[PDB]
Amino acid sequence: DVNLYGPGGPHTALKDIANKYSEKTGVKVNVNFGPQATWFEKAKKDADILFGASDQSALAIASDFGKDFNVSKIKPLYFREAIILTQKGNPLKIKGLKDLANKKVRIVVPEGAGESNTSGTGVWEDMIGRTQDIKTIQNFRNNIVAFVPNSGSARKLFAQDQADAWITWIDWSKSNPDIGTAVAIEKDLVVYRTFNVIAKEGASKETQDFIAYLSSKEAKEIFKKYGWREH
């Protein structure tokens, strides 16, 4: 029983992979996911691995288990870019972040307001801040209608009938080709955040083997299918 816990989002890629690893080697690999609160008590008892959707959020969650995990051992394996997700078909013809600042649009950004550890913290501001123009930053912010954590493993999008755009991650789109239209953020503005994992202290050899599988050729191509990169 190789048990994994982390946020919704990368779970889809990790379930493909755990599916494979199970029928190939017989090792039962469980992928637990969602908001930290919904699986904390459970994982407090049996987490083998914690996986994460950014470094800051991984650091914060692993620090919540005390002696069980040594946050020094967090391992970044892949990265992926932030995206703009619009309404299907992109009717407002949004071309990038600057466009979101300039038009009368309604933006939702992935902030948790110190209420939970989430992968989106600091993302919107680090991208728009790279315009180095205070008016644009001000304009972008005045168009923000909601500061809510990334929907992650939920298929529902906050304010999905009211908002015009969401700052989110490519992998969410890849996993839900269904919802919205992805728009590429300017290259000189965009940020990339990592997928990581950490093995518990004592990690059985069964665990260490799965972690290594995550860098194998089969795992790499699955991760790549969801927009997770290495180079």
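Numbers for residues come from their place in the sequence shown, where the first is 1.
Higher average CA B factor: 152-160, of the stretches 152-160 and 119-127. Note on 98-106 vs 70-78: mean CA B-factor is higher in 70-78. Highest CA B-factor among the listed residues (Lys187, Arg193, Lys174, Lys42): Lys42. In the deposited entry, the Cα temperature factor of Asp178 places it in the middle third of its chain's modelled residues. The deposited CA B-factor of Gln36 belongs to the highest third of values across its chain. Among all modelled residues in this chain, the alpha-carbon of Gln56 has a temperature factor (C-alpha) in the lowest third. When the modelled residues of the chain are ordered by C-alpha B-factor, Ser63 sits in the middle third. Ranked by C-alpha B-factor against the other modelled residues of its chain, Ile198 falls in the middle third.
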